[PDB]
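Just the one chain here, laid out as structure tokens, in the form deposited in one PDB entry.
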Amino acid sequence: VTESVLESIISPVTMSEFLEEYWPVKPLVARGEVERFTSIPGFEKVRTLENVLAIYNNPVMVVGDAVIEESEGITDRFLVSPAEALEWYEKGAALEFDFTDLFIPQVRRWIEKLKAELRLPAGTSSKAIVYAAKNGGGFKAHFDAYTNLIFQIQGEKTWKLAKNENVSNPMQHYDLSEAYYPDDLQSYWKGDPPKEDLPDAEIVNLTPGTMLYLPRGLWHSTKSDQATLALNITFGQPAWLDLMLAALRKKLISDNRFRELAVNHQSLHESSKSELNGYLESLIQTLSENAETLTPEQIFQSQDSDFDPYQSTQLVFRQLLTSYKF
């Protein structure tokens, strides 16, 4: 059958069904034999923890209660060498091998293809990540501003999934162990947080060969009683706001008045403060008039902008680090 890699994996669900009833809002669980994952380019290289370790020349994130206890409560995660990560792994810390696509770079082709098949803006952030855990490790209840296609490779992993009644379309991460909401999030958080154990969540056991589509914003937590290994393909979720502000900035960056250095008005004398306010009024009027002339075509024309400079910077930095042998 002339099928896409994604189609091959979610069969007998069609890609149209996926796009109409699941993406980008509802989770999908697709079960089957792990061998159908072998059409993912580079899968054989990340099929076992020993294989991932043989190729992954980068720092590894470790997360969990052992980190909280060692750090005397300062943090729940460290970035460490692959070797040290194995020491933490034995203490039940979850290991995250981020930007695994640097080390199976053939998957990058596929990811870009999948990004187009999902009709994501070209500029959307995308990567592969490997997650490994044992001894009850994993992640406590949280949500992400990203969506994931999750391919369970080894072991049985317990996911909790709950609808998020507090925020629609979150644009930042949040750990439920913060109960305090960060600034932007505070502006659109509604209602009471869920309990730490997500008591109303759906529990899903992921086994080898299970693919889980995980939409952005769902509350989730993970636990690996025994050793597990999974490969995630992780996508940004650029908002209309992202594209609109990129388009507006493209219209304004040409104007030297907008490129001039900004000034902290705090130290200024009152007359200078007022003059700055009049200068800024001029800018405000011009910004508003450029916003008023914004068109759909211009918004679409900025779909190839960098909407996640945090992810892009982390990719560049990790690429530069490959010159050290971790």
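Residue numbers run from 1 along the displayed sequence. For the two forms, the rigid core is made up of the largest set of C-alpha atoms that agree within 1.5 Å on superposition. Shifts are known only where both forms have a C-alpha.
Just so it is clear, the following notes concern the form deposited in another entry, a form of the same protein that is not shown.
Summarising the superposition on the core between the shown form and the other one, the listed residues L95, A128, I153, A247 contain exactly one with a Cα shift of 2 Å or larger, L95. Core-superposed comparison between the shown form and the other one: the C-alpha position of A230 differs by less than 2 Å. In the core-superposed comparison between the shown form and the other one, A116 has its Cα shifted by less than 2 Å. Residue displacement note: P59 has its CA displaced by at least 2 Å between the shown form and the other one (rigid core superposed). Cα of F37 to Cα of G136: at least 3 Å shorter in the other form than in the shown structure.
If you compare C-alpha positions, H142 and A94 are 3 angstroms or more farther apart in the other form than in the form on display. Superposition on the rigid core leaves 53-73, 77-95, 133-136 as the runs of at least three consecutive shared residues whose Cα positions differ by 2 Å or more between the shown form and the other one.
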